[PDB]
S.K.: 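Take this structure, written in structure tokens, and hold onto it; I'll ask about it next.
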Amino acid sequence: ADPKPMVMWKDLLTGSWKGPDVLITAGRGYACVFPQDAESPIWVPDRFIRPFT
């Protein structure tokens, strides 16, 4: 069931923190988020995500 797990994540191109957005997967140094207004999922290093409960 929902809600999906949510994270804040850093946009490394603008430097700004984004979210909270649904976390798709995370591990081995990476994390995938999929904002509702994104064309496709977003991948960032997992040192740049923060859980948001």
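Just so you know, residue 1 is the first one in the sequence shown, and it goes up from there.
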S.K.: Hey, any chance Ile42 and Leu23 share a hydrophobic cluster, counting ILVMFWY side chains that come within less than 4.5 Å of each other, even indirectly?
M.R.: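 In one cluster: yes.
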
S.K.: Restricting to non-hydrogen atoms, name the atom on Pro45 and the atom on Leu12 that form the minimum distance, rounded to 0.1 Å.
M.R.: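 Scanning both residues completely, I find the closest heavy atoms to be CD-CD2, 4.0 Å.
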
S.K.: To the nearest 0.5 Å, what is the distance between OG1 (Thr53) and CZ (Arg50)?
M.R.: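 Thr53 OG1 to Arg50 CZ: 14.5 Å, rounded to 0.5 Å.
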
S.K.: Run the side-chain contact (heavy atoms from CB on, under 4.5 Å) check on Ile49 and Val44 step by step: do they pass?
M.R.: CA-CA 8 Å; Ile49 65 168; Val44 301; 3.9 Å; yes

S.K.: Is it possible for you to say whether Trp17 and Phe52 belong to one hydrophobic cluster, with membership spreading through side-chain heavy-atom contacts below 4.5 Å?
M.R.: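 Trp17 clusters together with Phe52.
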
S.K.: What closest approach, in Å, do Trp9 and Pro35 show between heavy atoms, and which atom pair accounts for it?
M.R.: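 Closest heavy-atom pair between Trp9 and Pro35: CZ2-CG, 4.2 Å.
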
S.K.: Of all the heavy-atom pairs spanning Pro51 and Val7, show the shortest one and how long it is.
M.R.: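 Residues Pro51 and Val7, closest heavy atoms: CA-CG1, 4.2 Å.
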
S.K.: Working to the nearest 0.5 Å, report the span between CZ of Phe34 and OG1 of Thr25.
M.R.: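 Separation between the atoms: 14.0 Å.
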
S.K.: Could you list all the salt bridge (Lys or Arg N to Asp or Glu O under 4.0 Å) pairs where at least one residue sits in residues 10-22, not counting sequence neighbours?
M.R.: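 Found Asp11-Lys18.
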
